[PDB]
Each structure stands twice: as structure tokens, then as C-alpha cells.
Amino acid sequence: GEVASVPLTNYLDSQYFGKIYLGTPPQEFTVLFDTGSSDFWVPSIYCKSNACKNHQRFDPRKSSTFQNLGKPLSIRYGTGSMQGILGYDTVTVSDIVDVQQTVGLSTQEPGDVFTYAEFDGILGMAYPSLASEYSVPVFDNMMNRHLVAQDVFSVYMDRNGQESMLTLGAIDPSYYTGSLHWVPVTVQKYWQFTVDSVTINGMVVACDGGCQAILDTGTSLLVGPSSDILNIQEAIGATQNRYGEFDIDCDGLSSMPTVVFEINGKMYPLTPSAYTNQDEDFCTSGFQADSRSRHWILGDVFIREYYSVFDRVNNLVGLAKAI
């Protein structure tokens, strides 16, 4: 068993992606390491979509270890989707070599979700129940073959810097202070757990009486039901603008309240600096409402403040204060 330190590139505090190598000889790809999914796929030469045209495309004909599976694959990510075929090939993640790994080769990527993204493909980190038929998640192969020292991985996202890190097989203590607090996963599909309440100035403004949340490295913002998120926006002083997002007075942070998420009895505060995104001298709320949200999505906004540990041994989520 080994441990892989995969550096993550940070693009505008909204996309964290690493690099992997597929096939023999290696073909390099940037993948989004996504805890909100469990499928591994890259673009292939057979895909003629625009997203495939402006990204790196895998050429199985040039891979001596590729083995076609002849099985279809279809996934839905955000407003977009992907269709393709499954195959077998070796994937290198840092210093871990995962031979005979199922990988999706895309044939169509309609829409623009993947067209303008910075990563080529997606490597899912959630549970096998969320993976597609005839596919095995990369981390599940790593666990079953004992390629990792511990059946655990860890995510640190650096605010504005280039020091983000995904650790496969261990927990890097350099990225947190204090003690790790463990939260039981409630449904082994996503990294789902219970949130007890959301508090601003001591009053419950969201998640009143309990709500479900998934810890998702594939989501940039902090997504929740529309009414709760609107309550939060009202309480923090954010204002709806005609461009879709919620404005925040950039100079007003020192007066804005802290939003506290209660998870398994512990408090996880988010300061105004934490839940506000700064882009081109414009300040936007990190809270995003979605008419489809049946539960909360704790995205990069939350993970940047809390070093996140995903434990498949005991099926737990560890959280600690990020550096």
C-alpha cells in the first residue's frame, strides 16, 4: 500500500482539478476529482463535440494496454451530460498505478458544461452504488487491490493559492489545525451526512430541524434549497442582481455575520471572508439556490474552510479547520 499526493490546480476558486495518465505509453489528462460522482471517463477521438474538440482526447488505438468493454456509459453532470463506451486501461494517479481500470471514452458531450471547463474528464470518488453498470470506481479498485495504505483519502483546497492537494491513502496533517471530527455517512452513495442547523446571530435561518448534505468537491458554491438559501442571503445582506448572482458590498465584510453550520453536535462557522467570492472587484455570495435541490451541497466554499477526509473503512467524513 502506498500514498499518492495529487496536486490540485485552482482556477478562480471554482474548479479544482488534477492530472492523471491513461494508457501505455501514458496519455496525460486533467480530471476533476469529484466526490459527487463515481464514474471515471475522459474524452476520446471518437467524440466530435465541441467540448471534445477543445480538450485532450484519448486515442485507444495508441494504447497497448487498452481493452474495449463494449458497454455503454451515460452520466449527467450539472446542466450537461456525457455518453460513451467503457474500456479497460491502466491509469497512473501520482505514484499509484491502477492497471485494468474501467474508463469511459466519451463519444458525445452535448451542451457547454464541459466545453468551457478547464479539465478534460472526471474521476469520481463517491460510492460504487453511484457508479454506472460494468464500471468500478478508481478508489474502489485501489482499495480492493490494496494499492493504498489506508482506505481513506483527503482533500485540502487552498483559497486563492496553488497549494491544494488530494491525498490518496492517508491524511496529510500539514493541512489542518485542531482535531478532526468524524461524522457518520447516512447514505452510502454520495458522501452524505446530516446537518443539524444553520445559524446566523444565534437564530436558525436554514436547515430548520435537520437536512441532508453531501460533501462535493465537484461543486464550486454552497448549494441548497431555494427558500433556505434566500433566507441566508437576506440575513447576510446579499442582494439579488439581474445577472443571476447575489451581490455583496465588498467593503461591508467587517459588518457581515458569520454563518454557522451545525454538524453532529459541532459548530462549523463560515466568516464573511469565507462565504464571499471576489472576482474583478465584484463580491458575490457563495450561497447558491437551486430549484432542484432536495438536499444541501457543501462545495469548495465549505471545503476551503474545512479540510475534508473521506473514510471508506468506517464510512465517515472527517472535518477539520483548514490552514
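Quick note: we count residues from 1 along the sequence shown, nothing fancier.
S.K.: Read off the CA B-factors in the entry, average them over 256 to 264 and over 276 to 284, and name the higher stretch.
M.R.: The stretch with the larger mean CA B-factor is 276 to 284.
S.K.: So, looking at the entry's B-factor column for Cα atoms, which has the higher mean, 155 to 163 or 215 to 223?
M.R.: Result: 155 to 163.
S.K.: Among the choices 141, 197, 115, 186, identify the one whose CA B-factor in the record is greatest.
M.R.: Among 141, 197, 115, 186, the PDB entry lists the largest C-alpha B-factor for 115.
S.K.: From the list 179, 174, 192, 107, select the residue with the highest C-alpha B factor recorded in the entry.
M.R.: Reading the PDB entry, the winner on C-alpha B-factor is 107.
S.K.: Comparing residue 43 with the other modelled residues of its chain, is its CA B-factor in the lowest, middle or highest third?
M.R.: Residue 43: CA B-factor falls in the middle third of its chain.
S.K.: In terms of the chain's CA B-factor thirds, is residue 23 lowest, middle or highest?
M.R.: Residue 23: CA B-factor falls in the middle third of its chain.
S.K.: Taking only the Cα B-factors deposited for this chain, tell me whether residue 137 sits in the lowest, middle or highest third.
M.R.: Its C-alpha B-factor, which the entry lists for residue 137, ranks in the lowest third among residues of this chain.
S.K.: Quick check on the deposited entry: does the C-alpha B-factor of residue 314 sit in the lowest, middle or highest third of its chain?
M.R.: It falls in the middle third of the chain.
S.K.: Test of reading the entry: by CA B factor among the chain's modelled residues, which third contains residue 302?
M.R.: It falls in the bottom third of the chain.
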